[PDB]
Amino acid sequence: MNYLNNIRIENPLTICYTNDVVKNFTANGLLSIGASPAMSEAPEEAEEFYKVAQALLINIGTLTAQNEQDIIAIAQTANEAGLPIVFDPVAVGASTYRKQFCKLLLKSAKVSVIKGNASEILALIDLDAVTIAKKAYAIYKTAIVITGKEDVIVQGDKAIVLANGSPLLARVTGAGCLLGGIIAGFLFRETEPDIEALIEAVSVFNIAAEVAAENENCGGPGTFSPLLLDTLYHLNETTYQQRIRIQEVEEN
Amino acid sequence: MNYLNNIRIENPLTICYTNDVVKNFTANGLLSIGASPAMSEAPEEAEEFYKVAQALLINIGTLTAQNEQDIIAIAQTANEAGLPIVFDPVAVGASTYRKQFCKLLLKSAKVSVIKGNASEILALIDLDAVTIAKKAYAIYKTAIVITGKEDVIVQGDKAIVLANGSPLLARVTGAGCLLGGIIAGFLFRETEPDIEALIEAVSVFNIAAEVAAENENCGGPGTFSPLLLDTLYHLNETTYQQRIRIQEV
Amino acid sequence: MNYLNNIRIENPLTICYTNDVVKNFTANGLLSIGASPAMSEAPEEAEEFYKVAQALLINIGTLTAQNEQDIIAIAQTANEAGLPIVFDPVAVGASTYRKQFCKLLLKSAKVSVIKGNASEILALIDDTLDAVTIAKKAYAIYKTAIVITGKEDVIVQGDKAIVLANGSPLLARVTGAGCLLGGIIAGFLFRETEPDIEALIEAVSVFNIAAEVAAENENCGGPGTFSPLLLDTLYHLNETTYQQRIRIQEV
Ligand SMILES: Cc1nn(C)c(C)c1CCO
Ligand SMILES: Cc1nn(C)c(C)c1CCO
Ligand SMILES: Cc1nn(C)c(C)c1CCO
Ligand SMILES: [Mg+2]
Ligand SMILES: [Mg+2]
Ligand SMILES: [Mg+2]
C-alpha cells in the first residue's frame, strides 16, 4: 500500500480525457482513492493544466471526428510537458476506424502505459496474455497492462500475473475504464513507472472489487457500484496484504 | 420471460446513440439484463459495428447541430445493414427544432419501434394514448410504444395496455431513456418485432421497478436506482408471471 | 422550507447547460427536490424552451471550443427572455482559457447568481482572503448574488451577507456536489432575475442539511453509498428537520 497512501495525502491532479459513458464513474473512483480528477478536454488549456498534473488518461471509448485531432494535440502537449499518458484503446479490434486512429496516436506520441483486454492489445500488434503483452512491450517499449480473468503487467524486465477481483465488475459499465483512471492516479508524473505502482494500482482496484462483492449489502451490479467506491475509499493495508494474489513473476 | 432468457445467454450487441444525461445509466441497465451495450456515435464505424449488432437505439434527448447529420447518416447505415432502430423523439413537442428534426429522420429512414410519452407521440403526428398510438401506427407503419400511467403498445393489428411500474421511475433521470435501450435489447435484429418482444421488454422494466420500490432498502429515488439495476439483473420467471398486468384492447 | 414546497408542487423547468461529468447527477438531484431538469444545449431551441423555463444553469466545467459561442448565445437568449441565469465558473483560476471565457460571458450577459468556491470567485475578480470579503468584492463588481461554497458557505445579495454552516465532509468526495448545488439554486429561482436572499439561503441549506442527514444514515458506508442517500434525503426532507438543523449567521 505505499503508493495508495501517497495518493490519499498528495491528492494528485489526474487529467482524464475519457469517454462519455464513464466520465462520472471514473471521476468518482479517482476521488474515492484520494486523487483529484479533472476531465479537461480543451487543447487550449492543456499546457497550463499539464504543468501541474501528475498524469493523463486518454480513453477512446467514444471516439468521434470531434475528438481525433484534439486527442493527438493533447498527447503531444503531454509529451512536451513530461506528463505520463495512460492509453486505453477501447474496442480497437472492433473497427478499422479505431485501429487506424490508435496507430496514428501511437506513431504521434509516446505513452507510459497501454491498458486493455487481450483482444484490444492483440489488435494493436496486428495466444497467451503474457505473450501478447510481451510482444506489445517489444513494439511500443511502454508498460503494458492486459486485463482479463488474470491480469498481466509487463514493464521493463518483468512480467507479472495478478489474480484478484469479482465477476460483478464485468457487469458494471466502465469498470476497466475506471481502472485506466486509477492507474493514471498511481503514476506521480513518472513517464516510466515502476512496475510496483502498476501492480498496486491494479491490485487496489481488484481487491476493492472483491471486498465490495462480499459485502452483505451487495445485492447485484446496481448496489455493487456504490459499494466499490466505499471500498476503494476505506481500503487499508491489512486488507490489501491479506488479499493480494500475485501469481507469477518473470524477470527478463 | 422467453426473450429475457435469450438476452442473458446471447448477450446481444445493442448500439445506443443516446443523450448525454443517460449514457451511463442506459449502458448499466442493458448490462444488467445481459445485453452488450455499445455507445458508438461515429458514422465512420457504423457499417462495421452494425453488421454484428442486434439493434440500434436513437435517442434525441440532447440534440444539437453536432449530432443532426450524423444521426441521419447512421440511421441510413442501419437500414442498409438490416439493423432495427428504436427511436425515442425525446421532448419533440417542446421545440420546432426537435419537431423538424424528427420529421426529417422519419422521412429519411425506416424505424422499427417509436417510443415516447403521449405528448411526444402526439406532437409527431400533430386524446387517449391508445388512439394516439393507433394514429401513429397508421402513419409510420412501425410499432409504437407510448409510456404513461398505463403503457400502450401497438404493433400490426394488435394494441395492448400494460399497467406495471412505480412512480419512483419518473424520479430517476432517464428511466424512459433506459426503456428505449431495453426495448432495443429485445429486438434480436428483427426489423418488424413481434408484439410479444415489446410486451416483454416493457414488462420486464416495469416489473423490475415495481419490485425495487418494494424492497425494504429502497428509501427514495436515490437508493431506488441501484435497486432497479439489481432487480433487472435478478428478475426471474416466477416474479414476471406473478406480477405482469396486461390487457388487449 | 417555503420555496422547497413550491418546487415540489410546481415542478419548475430548470434548464441546465452543464458539464459532462455531472449531467446525470445534476438532473437526479433536481428530480429529487421536485424540479423538472432539462439539459438542452442547442441554441436553436433556447428561445422556445426559455419562454417556459424558470431558470438556466450555465456551468463551464468541461468548456471546449464546441461550447463557447453556444454558451454566449444562450446566455443572451436567456436575458432577452427574462430567464435568470445561475453561473458556475468551474476551475476558472486553473487556466487563461477559462478566465478569458468567463470575462467574456460576464461582459455579454447579466447573470442572476454566480456560484463558486473561494478560489474560483477570487480568480474572477482578480483577473477583472476571507470568503466574505471575496463575496462582497465580487458582488460590488457584478451587482449579482454571489454564493461562495466552502467549509462555511457565504451568500451576498443586495445589502446582506450570510454565512451558513451545514453539510458533510463526504460531499467533497462525490464528484459534482457543488455542480449539483448550482442546479439546485437554479431550481429555487422561479424566474426571479434578482432572487431574494431567502431563496438562496434555502437552496444552500436544503442541500447541505440533506447532506448532513444522509451522512448520518446507518447505511452510509462511504462516498459511493452517500450519493444515493443524499438523493433520498433531498426527496424526503421536511420542515422539522430543516428548522432543527439549519445553522445560519448574518454577518
Ligand atoms: C457501454 C460502452 N460503449 N462504449 C462505446 C464504451 C466505451 C462503453 C463503456 C465500456 O465499459
Ligand atoms: C434531464 C434531461 N434533459 N434532457 C434534455 C433529457 C433527455 C433528460 C433526461 C430525461 O429523462
Ligand atoms: C472531476 C471533474 N472534472 N471537471 C473538468 C469537472 C467539471 C469535474 C466535476 C467537479 O465536481
Ligand atoms: Mg480497454
Ligand atoms: Mg421518450
Ligand atoms: Mg464551482
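Residues numbered from 1 in each chain as written, not as in the entry; some residues may be left out. Chains lettered and ligands numbered in written order. Heavy atoms only, no water. Residues with missing side-chain atoms left out of burial classes, pairs and counts.

The record lists X-ray crystallography as the method behind this PDB entry and 1.87 Å as its resolution.

Let me state the cut-off plainly: UniProt positions are given in the numbering used here, feature names are shortened, and annotations may be inferred rather than shown by experiment.
As its UniProt record puts it under Function, chain B is described as follows: "Catalyzes the phosphorylation of the hydroxyl group of 4-methyl-5-beta-hydroxyethylthiazole (THZ)." Regarding chain B, the UniProt comment filed under Pathway reads as follows: "Cofactor biosynthesis; thiamine diphosphate biosynthesis; 4-methyl-5-(2-phosphoethyl)-thiazole from 5-(2-hydroxyethyl)-4-methylthiazole: step 1/1."

Reading the Cofactor entry of the UniProt record for chain A gives the comment "Mg(2+)". Per its UniProt entry, chain A bears the Pathway comment "Cofactor biosynthesis; thiamine diphosphate biosynthesis; 4-methyl-5-(2-phosphoethyl)-thiazole from 5-(2-hydroxyethyl)-4-methylthiazole: step 1/1."

## Looking at the UniProt feature "binding site: ATP" in chain B
All names here are of chain B. Operational definition: A run of DSSP states H or I qualifies as a helix once it reaches four residues; a run of E qualifies as a strand once it reaches two. Both are numbered from the N-terminal end.
Within this numbering scheme, the UniProt entry marks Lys 115 and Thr 147 as carrying the feature "binding site: ATP". One can find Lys 115 in strand β5 (residues 113-117). Locating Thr 147 in the fold gives a position in strand β6 (residues 143-147).

## What to know about the coordination of the magnesium ion (ligand 6)
Residue and element names in this part refer to chain C. Note the cut-off: A 2.8 Å cut-off from the metal defines N, O and S donors, relaxed to 3.2 Å for Na, K and Ca; water is not in the atom list, so some sites may appear incomplete. Think of it in three bands: with a 1.4 Å probe and only protein chains considered, a residue is buried below 20% of the maximum accessible area for its type, exposed above 50%, and partly exposed in between.
In this structure, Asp 88 (OD) and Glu 120 (OE) serve as the protein donors to the magnesium ion (ligand 6), at separations of 2.2 to 2.7 Å. With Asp 88 in strand β4 (residues 85-88) and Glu 120 in helix α6 (residues 118-127), the pair connects residues that are 32 residues apart, well separated along the chain. According to the relative accessible area criterion, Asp 88 is buried, its value standing at 3%.

## Focus on the interface of chain B and chain C
Keep this limit in mind: Only heavy atoms enter the contact rule, under which two residues are in contact if any of them lie within 4.5 Å. A pair is scored as a salt bridge if a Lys or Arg side-chain nitrogen falls within 4 Å of a carboxyl oxygen belonging to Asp or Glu. N or O atoms within 3.5 Å of each other form a polar contact, as long as, within protein, one can give a hydrogen and the other can take it, and as long as residues adjacent in sequence are counted only when both atoms are side-chain atoms. All amino acids are sorted into three groups, where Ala, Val, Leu, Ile, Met, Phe, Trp, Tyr, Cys and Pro are nonpolar, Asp, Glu, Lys and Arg are charged, and the leftover types, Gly among them, are polar.
In this assembly, 23 residues from chain B lie in contact with 23 residues from chain C. Run the count over chain B and chain C and you get 2 salt bridges. Its salt-bridge partner being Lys23(C), residue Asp20(B) comes within 3.6 Å of it at the nearest N-O pair. Connecting chain B to chain C are 11 residue pairs in polar contact. Counting residues per element, the ones that place at least two in the side of chain B that touches chain C are α4 (65-81), α5 (96-108) and α10 (221-234) of chain B. Per-element tally for the side of chain B that touches chain C: the top contributor is α10(B), with 4 residues. When the residues that make up the side of chain B that touches chain C are grouped by side-chain class, the tally is 10 nonpolar, 10 polar and 3 charged.

## Quick notes on the site of ligand 2
As a reminder, the rule being used: Nearness is judged by heavy atoms alone; a residue qualifies as near a molecule or strand once a single heavy atom is within 4 Å of it. Where accessible areas are quoted, they stem from the Shrake-Rupley method and a 1.4 Å probe; at the residue level, only the protein chains shown are allowed to cover.
In the vicinity of ligand 2, the contacting residues are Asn19(B), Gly61(B), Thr62(B), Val90(B), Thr173(B), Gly174(B), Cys177(B), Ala27(C), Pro37(C), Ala38(C) and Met39(C). Lying at an intersection of chains, ligand 2 is approached by residues of chains B and C. Within the backbone of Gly174(B), an N or O atom sits 2.9 Å from an oxygen atom of ligand 2. Backbone polar atom of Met39(C) to a nitrogen atom of ligand 2: 2.7 Å apart, as the coordinates give it. About the coverage of ligand 2: the protein hides 82% of its 340 Å² of free accessible area. Here the shell around ligand 2 is built from residues that sort into 6 nonpolar, 5 polar and no charged.

## What about the site of ligand 1?
All residues adjacent to ligand 1 are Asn19(A), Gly61(A), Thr62(A), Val90(A), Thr173(A), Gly174(A), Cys177(A), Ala27(B), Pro37(B), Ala38(B) and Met39(B). Those residues lying near ligand 1 are distributed over chains A and B. Here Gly174(A) contributes a backbone N or O atom positioned 2.9 Å from an oxygen atom of ligand 1. Here a nitrogen atom of ligand 1 and a backbone polar atom of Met39(B) are 2.8 Å apart. Contact with the protein chains hides 84% of the accessible area of ligand 1, taken as 330 Å² for the molecule alone. Its residues placed into classes, the shell around ligand 1 shows 6 nonpolar, 5 polar and no charged.

## Concerning the UniProt feature "binding site: substrate" in chain B
Listed under "binding site: substrate" in the UniProt record, and renumbered for this structure, are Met39(B) and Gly174(B). Summarising the element assignment, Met39(B) is placed in the loop between β2 (36-38) and α3 (46-52). Residue classification places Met39(B) among the buried residues on the basis of a relative accessible area of 7%. For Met39(B), the contacting residues outside a window of four places in its chain are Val21(A), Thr62(A), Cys16(B), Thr18(B), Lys23(B), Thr26(B) and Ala27(B). Within the fold, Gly174(B) resides in the loop between β8 (158-162) and α8 (175-185). For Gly174(B), a relative accessible area of 10% puts it in the buried group. Contact partners of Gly174(B), with chain neighbours within four places excluded, come to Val22(B) and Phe25(B).

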